[PDB]
Amino acid sequence: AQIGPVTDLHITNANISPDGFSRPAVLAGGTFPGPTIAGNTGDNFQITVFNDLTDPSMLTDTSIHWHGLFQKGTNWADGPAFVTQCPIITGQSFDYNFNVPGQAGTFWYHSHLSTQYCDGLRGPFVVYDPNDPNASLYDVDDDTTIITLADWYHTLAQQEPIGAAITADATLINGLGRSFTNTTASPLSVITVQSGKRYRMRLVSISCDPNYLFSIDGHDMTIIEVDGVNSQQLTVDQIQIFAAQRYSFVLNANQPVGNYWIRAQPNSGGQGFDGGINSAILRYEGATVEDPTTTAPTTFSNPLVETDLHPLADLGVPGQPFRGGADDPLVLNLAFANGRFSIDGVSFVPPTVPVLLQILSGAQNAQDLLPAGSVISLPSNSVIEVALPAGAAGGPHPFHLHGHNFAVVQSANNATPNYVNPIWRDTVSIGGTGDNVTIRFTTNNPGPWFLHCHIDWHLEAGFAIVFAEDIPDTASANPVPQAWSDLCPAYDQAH
Ligand SMILES: *[C@@H]1O[C@H](CO)[C@@H](O[C@@H]2O[C@H](CO)[C@@H](O)[C@H](O)[C@H]2NC(C)=O)[C@H](O)[C@H]1NC(C)=O
Ligand SMILES: *[C@@H]1O[C@H](CO)[C@@H](O[C@@H]2O[C@H](CO)[C@@H](O)[C@H](O)[C@H]2NC(C)=O)[C@H](O)[C@H]1NC(C)=O
Ligand SMILES: [Cu+2]
Ligand SMILES: [Cu+2]
Ligand SMILES: [Cu+2]
Ligand SMILES: [Cu+2]
Ligand code: NA
């Protein structure tokens, strides 16, 4: 069952064994992934998050971000700890009360405190469109058509040893999968389809790190949505999906009744599918209950290439059709050395006072805001360009901007910009050495918006800045409830 748009959401510790290995976790709604939060476009979400965490090994504070939702006028509800709020302390609750005007698509929610979402606090968030322009492309779109891709670790996120390479221990598809080492034949997820029907599969990367090469043996996938943005139909046979991205694709159940492997190959961790790792099962109604016997091709015929995506709507690109053709054109120097990432020479370390509270308390320029050098002001009502040249270790880095989606004027692995009809999205791979992935957006959403690599380990190691968008209108735009105002004093008192 989906929950919302008005719902409680309990955050608890529990043991889970999604790949046959038991470990404690941080869960929303008692499950991994958490329950799907859903509503319709324009709805008022009121998600009362109950922090019932007691195991300090995964942090007993929490804060939840609603990934991809713009939070216009509700910056305080965005969730990134020490950017828009202090964490919720254990035994307390907090009502994230916001609206979703002008958005409809596939989103997700996750802890936004430290690396806590890796420990399990992640789930889908769907804003349905009663008049979806893509509605006539499919027959079924419901909780059974959401596909989550997750990395899963046997070591707790706070306990990953300093200086050891972090890699996952399993890929989980809809919460189930098999471990890369000491593989046991634990249950695989089954996605069931009826021959002849067409399904809106909502593919959600809830990854903390790896990108996945996602495919379904025997089937093609017609992309119709990218990170909440409706796209023209683009048929592919493989999707490389980076952390935090979403796609909807139409799956036409047009193959012989049978079982077909669903594949999600991460870029690190276990390679291949031995023992049924990196796998789930697409089962047609009437098929025998047994594992697929299909194989992947050696080479996919039509992998997704981001430049092939185009918005369904005439979204264009703001600004002028050349590099620097913006009101505020930025080029960030993204670097890694010695275990720390930096942006323009500053490694992000969260401040004591949330950025939003600093602004509300009177800090009125970015030089007043902490962390020093980590907060960049953006002028209001302006076209922003941000070039994100890659090269920093650990890539490809999926950069994500809160509060906004953006035109992807230049994509990974292709030096040619597109000032005409690029896809808009909210999380973008910045590609490889020499690339110059570049985004554009207009600043019509006052508040401090995080920009960071969505590889959670990289965020934790400093790969972030805050855009303090329209500082002058931030307080007026984002009236705060008393309960928000109460968070920092409670947090700081609890220590
Ligand atoms: C990525 O594109 C940006 C522009 O969007 C390039 O930035 C320019 O860099 C040149 C030379 O380094 C400067 O003289 C310009 O002033 C920069 N433009 C802006 C808006 O600052 C950048 O060089 C490109 N990077 C890569 C690696 O191709
Ligand atoms: C590299 O990216 C460019 C820009 O997005 C792609 O160029 C577009 O190609 C389409 C499809 O042929 C044309 O209709 C557009 O006119 C092109 N736009 C520009 C600005 O050149 C190009 O296809 C991408 N390369 C690959 C190999 O996919
Ligand atoms: Cu996110
Ligand atoms: Cu986000
Ligand atoms: Cu990264
Ligand atoms: Cu974030
Ligand atoms: Na334009």
Side-chain angles (χ1 to χ4, degrees), residues 63-71 75 77-85 107-118 121-122 206-208 227 231-232 234 236 240 243-245 302-311 313-323 325-327 343 348 350 354-356 374 383-385 397-428 431 435-442 447-460 462-467:
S63 191
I64 294 179
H65 172 57
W66 322 92
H67 181 114
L69 294 319
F70 302 152
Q71 299 291 356
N75 175 267
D78 191 43
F82 311 103
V83 180
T84 61
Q85 66 176 93
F107 304 94
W108 65 295
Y109 64 93
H110 57 84
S111 180
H112 211 313
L113 176 63
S114 183
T115 53
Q116 186 183 67
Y117 87 77
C118 312
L121 206 181
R122 359 176 180 164
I206 63 179
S207 185
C208 266
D227 300 2
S231 67
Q232 290 174 5
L234 180 68
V236 298
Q240 184 170 28
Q245 291 182 334
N302 293 287
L304 173 65
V305 172
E306 189 174 66
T307 55
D308 285 346
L309 295 161
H310 301 293
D314 183 4
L315 299 185
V317 178
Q320 304 164 291
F322 49 85
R323 301 191 193 282
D327 299 306
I343 301 192
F348 192 83
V355 180
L356 177 60
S374 295
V383 180
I384 315 301
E385 177 175 80
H397 302 282
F399 266 71
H400 169 57
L401 177 60
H402 292 217
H404 287 278
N405 59 18
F406 46 75
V408 183
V409 304
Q410 185 166 320
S411 293
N413 210 39
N414 179 340
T416 303
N418 180 359
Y419 304 107
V420 179
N421 63 355
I423 200 59
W424 289 57
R425 74 186 306 153
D426 68 41
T427 303
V428 62
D435 286 351
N436 207 5
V437 169
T438 297
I439 68 175
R440 287 191 178 176
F441 59 96
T442 305
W449 301 116
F450 222 1
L451 176 71
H452 61 89
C453 182
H454 215 297
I455 293 168
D456 216 33
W457 317 112
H458 300 177
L459 170 57
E460 185 79 337
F463 213 14
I465 206 153
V466 175
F467 284 140

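No hydrogens, no waters, no symmetry mates; every other heavy atom, side chains included, goes into these values. Each ligand, and each atom within it, is numbered from 1 in the order the structure gives. Numbers here are sequence positions counted from 1.
- By the definition of a contact as any protein heavy atom under 4.0 Å away, atom 23 (O) of ligand 2 is not in contact.
- The Cu ion (ligand 6) has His112 among its coordinating residues (N/O/S atom, backbone or side chain, under 2.8 Å).
- Remark: among candidates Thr416, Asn413, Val409, the nearest residue to atom 21 (O) of ligand 2 is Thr416, based on non-hydrogen atoms.
- At a threshold of 2.8 Å, the Cu ion (ligand 6) has a backbone or side-chain N, O or S atom of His402 nearer than that distance.
- Counting only heavy atoms from C-beta outward, the side chains of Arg323 and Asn436 approach each other to under 4.5 Å.
- Within a 4.0 Å radius of atom 17 (C) of ligand 2, the protein contributes no non-hydrogen atoms.
- The Cu ion (ligand 6) has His452 among its coordinating residues (N/O/S atom, backbone or side chain, under 2.8 Å).
- Relative orientation of the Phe463 and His397 rings is perpendicular, given thresholds of 30° and 60° on the angle between their planes.
- Using a distance-only test at 3.5 Å, with no hydrogens or angles considered, no donor-acceptor pair links the side chain of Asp78 to the main chain of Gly403.
- Taking the six-membered ring where the residue is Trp, the centroids of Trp449 and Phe441 are separated by 6.0 Å or more.
- Within a 4.0 Å radius of atom 26 (C) of ligand 2, the protein contributes at least one heavy atom.
- Residue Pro417 approaches ligand 2 through these ligand atoms, each under 4.0 Å from one of its heavy atoms: 4 (C), 20 (C).
- Each of the atoms 2 (O), 5 (O), 24 (C), 28 (O) of ligand 2 lies under 4.0 Å from some heavy atom of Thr307.
- For the pair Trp66 (side chain) and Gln71 (backbone), a donor-acceptor distance under 3.5 Å is absent.
- Residues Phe406 and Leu401 come closest through the heavy atom pair CE2-CB, 4.0 Å.
- With a cut-off of 3.0 Å, the Na ion (ligand 7) has no N, O or S atom of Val420 in range.
- Put simply, atom 14 (O) of ligand 2 has no protein non-hydrogen atoms near it, under 4.0 Å away.
- A centroid separation of less than 6.0 Å is found between the aromatic rings of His402 and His452.
- For an aromatic pair to be called close, the ring centres must be under 6.0 Å apart, and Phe450 with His65 fails this.
- Screening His400, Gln245, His110 against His454 for a side chain to side chain donor-acceptor pair (under 3.5 Å) leaves a single residue, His110.
- Ranking the protein heavy atoms by distance from atom 5 (O) of ligand 2 puts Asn418 CB, 3.5 Å first.
- Among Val420, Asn421, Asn414, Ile423, the residue whose heavy atom lies closest to atom 1 (C) of ligand 2 is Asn414.
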